Every structure is written in C-alpha cells, then in structure tokens.
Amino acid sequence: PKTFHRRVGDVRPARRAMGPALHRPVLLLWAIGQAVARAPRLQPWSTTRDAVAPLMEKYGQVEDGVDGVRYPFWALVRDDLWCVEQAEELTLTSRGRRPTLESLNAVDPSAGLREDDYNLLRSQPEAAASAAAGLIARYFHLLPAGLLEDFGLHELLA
C-alpha cells in the first residue's frame, strides 16, 4: 500500500501556460495544517469552502475560490488522499465527473484526509513537515509572504 508521501507526490496536476492547476496542492497543504492543529479530521463542505476559498484566490491564482475549492474537494478521493461522507447523496454532473455545487451546498457533506494519514500527521510531525515541504518546493517554490502563516504551517516548518 502506497505511503502518504508517495500518494501526495503522485498528484501531478495539468500544466497550463500560466502553470499547474494549484487546486489540489492548496487543499492538501490546508489539510496538513489542519491535522497539525488537531482540527477534526472530517469537516463540513461549508467550513472547508469558507476556509480554503480565500487561499485558493490569494495563493492558487483562481478567480473564484468557491468555484475553485469544489474541484479538489472531490477529485482528491480519486487520488486516494481524501474521504467524502454521504457521497452517494450528492447529485453528479458532467458524466459523473463531479457533484453539483447545489448538491454540495444542500447535503453539506463532511470530508477530509483518510484516518491512517491523519493519524500519521498528528503522530509523526516530521512526516507532516516533509509532505508539506514537498508540496511547497514543487508548487510554491517562490514562497509567498504569508503562505506559512495562512496555511498554519509556520511552526511546523521550523
């Protein structure tokens, strides 16, 4: 079974002219910061949307952060990095690619890291640091002022 480090490194978003899609990298970094702060592992869509949307806009180059967050909130399930509760309650669109924003808002499913991954992050902070550093090196190589603080990773990345 693949390590969390390996699963995170297998996330390879499409590279456009402007750069790779930063959606998955931003949600993963946020989720690592959440585990490190011992926030609950599963968090509602509404809470996650509200936390992550402005980071998506500021650090992820997205125009609409809400519209932005919904893509990795679902797509990370396929990358074996994420769990969405009540998934079978959602309405899918676009040939099964994704849930509608309307059904995400209505059902307000909880989601987050897999239990084994979340438990690893809390128990082995060195493993959290290396996973978050890996994402930062690959996608935020010019490291924006504010990024570590805004993702909750300042103390972690000592």
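Heads up: residue numbers just count along the shown sequence, starting at 1.
Looking at mean Cα B-factors across 64-72 and 124-132, the upper value is held by 124-132. The question of which stretch, 21-29 or 139-147, has the higher mean Cα B factor is settled in favour of 139-147.
Reading the B-factor column for the CA atoms of 117, 102, 57, 50 in the entry, the top value corresponds to 102. Residue 109 sits in the middle third of its chain by CA B factor, as recorded in the PDB entry. In the PDB entry, residue 37 places in the highest third of its chain by CA B-factor. Sort the chain's modelled residues by C-alpha temperature factor and residue 77 lands in the middle third, per the entry. Among all modelled residues in this chain, the alpha-carbon of residue 8 has a temperature factor (C-alpha) in the lowest third.
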